[PDB]
């Protein structure tokens, strides 16, 4: 599929930003790897993310994942897509390219979802161990996630919810290859 390489998308987003945005599509949202996001991906994610944290249906935390992710899908699917209930990679780029000027509720809610998996006690901040534990549960290398935290945090011992939200915005927006927000999804390369 060369759609994402067409001149419209190259004028909208740099190659570097496009790679970052599509990484979130493939590594976090397109659970079955089909190349399109649909509700089935969220129904698989609910079960899999819950199990990755040691939860099972009937647990209060499972119900929280379920309710939150189904709300993220409700919002993501309410976008004007070619096919109802399916989100292409080309649609995804459009949805994230202006997150800094026009953030949508589903996008804020996903940011909160990840942060709240990490800050399980609601302290309002995360540390390296919590960050790396959650990305290890998502199947990423734990030591690389701890390295990512060091860069994300710019030396801080803990990162507040507001600082994480701003780092999340910087992941999608920044043109700088060393921007701290690049590291918010647990990797040190791009």
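Numbering follows the first chain given and starts at 1.
Of 80-88 and 104-112, which one has the bigger average CA B-factor?
Higher mean C-alpha B-factor in the PDB entry: 80-88.
On average, are the C-alpha B-factors higher in 158-166 or in 27-35?
Higher of the two, by average CA B-factor, is 27-35.
Kindly indicate the residue among 52, 125, 68, 147 with the greatest C-alpha B-factor in the PDB record.
Comparing C-alpha B-factors across 52, 125, 68, 147, the maximum falls on 147.
Going by the entry, which third of its chain does the Cα temperature factor of residue 60 land in?
It falls in the top third of the chain.
Taking only the Cα B-factors deposited for this chain, tell me whether residue 11 sits in the lowest, middle or highest third.
Highest third - that is where residue 11 ends up once the chain's C-alpha B-factors are sorted.
For the chain shown, is the CA B-factor of residue 45 in the lowest, middle or highest third of its modelled residues?
For residue 45, whose C-alpha B-factor we compare with every modelled residue in the chain, the answer is the lowest third.
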